[PDB]
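Next up is one chain by itself, shown in structure tokens, the form deposited in one PDB entry.
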């Protein structure tokens, strides 16, 4: 339980003993590029640090063992971070994403706590024994803010201040400390931001700050030092170490800095996912981002109705609620060029085409159970899942076919081949037994319909098209939707091809995807880097959903599957007995068909070779 001073500099985290004169050592870390923000857990002597250049948060024991990345995705500049040693939680702030997030100390159950009207949150301090967290905001109007450790009742504590750093709590004396990088002061106040006092005014460049016993410790970037002085008088100064340029953070490794108790410490509040300290009532139960807290206030429920949108190297999820929950990146590894996404509502699994690997991959939203459904002259261009028959209908840019594969990877076969066919975008309609696709023949783009076995093929549209690259449909309204990236517009029509109408053609730069959510049609504008939606009832206006999203690739809405309605489909029960293709006719009855390389047997159910 010796007192240690830890500081971050360059790619190292180094250690200074505060009790023995003879002690300077580097923590044996591997693979760190820029060690910024430091904290620790008194429970297990683990140290935590963020990396501005790696855009990660990591942890390890002080002897360098059990190096672990706990946060990897969705970080831009994680300059603030703090361990909740009572609730066993990890808080951090990102000045790039303008977010303050929480997760378990192993990174599980990541949730966003502050995301609105937040400009450059940088320095974070936690008081779990009281239920408050404090942070500094940079930006146009810098301030020191306060909130509960669940993000609620956010308030501005100290409005007149420059860019403050090294926000530190003196738990014994109930005082806040910080450096001001604009006034070049070290200041102190009470927990309410009152009784403000300048502790040191003669420092040329104070940056980092911490407190131990009757001393405060700071770093000066002009003096290249870690220095220490009386926390009350500012005197009794001593230089802990010099010739240390650009120390990012200092931290006191001692149990006195992590003491006290709250309800989360004794029982985790019995919460399933997150126990968050709050001032009044002690604690509330939290949930991972987009999850719902149940009626018991103890257990969480994952969203069943959400919006997925993908970039070149990311697949994101957002919900449509009224607290305007933020969009999150799904922690999915090895994404290189995502060009199309889909979702299976039955097994709750995410599907996408990566055209760098020329594969159809599938995973869960946590990135687990990664599976390759289609692999190597294979060039998947678009995909659409038949959720009842458990097939993927996907287009192949190399062989110019429409191929069908089951979700587990077993090949059904090709249902469309053609000399001059260029099948690119595709949406299935298993409810009516048809599929819709674009034919990007040079000098004659087309939107076509066919049955899910290739028969009954007809051209619905062959004019007023330049590059129809995205398709959507809705079986209840009987409507088909598409976006033309060259004509820069979105159209719709009946599934029969009647009532073709232009939905939107103004202020669209390059629409490359679209999807339908109830009465709302969403699309992504790659060049304009935004998501937009229009109310198809005409009631509400065209709304900008999110902007500044680069490399947009696809967008896909997911509605909670109604299992009673699902099992009412005849092809959901043993494919209707069909070996390969189960089809729905106008009679609502089931018929079986085959891929192009098989023929239907006299069993009226099974496919065989010619």
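Numbering follows the first chain given and starts at 1. For clarity, a rigid core is taken as the largest C-alpha set superposing within 1.5 Å between two forms.
Missing-residue flag, residue 377, threshold a third of other entries: Comparison shows residue 377 dropped in at least a third of the other entries.
Between neighbours residue 161 and residue 160, residues that the deposited sequence lists but the model omits: Missing in between: none.
258 to 266 versus 434 to 442 - greater average Cα B-factor per the deposited record: Going by the record's values, the stretch with the higher mean is 258 to 266.
480 to 488 versus 280 to 288 - which carries the larger mean C-alpha B factor in the record: The entry gives the higher C-alpha B-factor average to 280 to 288.
Which of 368, 527, 168, 179 ranks first by CA B-factor in the deposited coordinates: That would be 368.
Top residue by Cα temperature factor, when 201, 456, 322, 354 are compared in the entry: By C-alpha B-factor in the record, 322 ranks first.
Third assignment of residue 59 from its chain's C-alpha B-factors: Within its chain, residue 59 is a middle-third residue by C-alpha B-factor, going by the deposited values.
Within-chain third of residue 50 by Cα B-factor, per the entry: Ranked within chain, residue 50 CA B lands in the lowest tercile.
Third of the chain's Cα B-factor distribution that residue 85 belongs to, per the entry: As the PDB entry reports it, the C-alpha B-factor of residue 85 lands in the highest third of its chain.
CA B-factor placement of residue 227, once the chain's modelled residues are sorted into thirds: Residue 227: CA B-factor falls in the lowest third of its chain.
Ranked C-alpha temperature factor of residue 43 among modelled chain residues, by third: Ranked within chain, residue 43 CA B lands in the highest tercile.
This next part talks about the form deposited in another entry, which is not shown.
From 257, 339, 104, 449, residue displaced between this form and the one not shown - CA threshold 2 Å or more, rigid core: With the rigid core fitted, the residue that moves is 449.
Did residue 46 shift 2 Å or more between this form and the one not shown, C-alpha, core superposed: No, the C-alpha moves less than 2 Å.
After fitting the core, residue 557 CA displacement of 2 Å or more between this form and the one not shown: Comparing forms between this form and the one not shown, the residue 557 CA shifts below 2 Å.
Cα displacement of residue 151 between this form and the one not shown reaching 2 Å, rigid core superposed: Shift at residue 151: below 2 Å after core fit.
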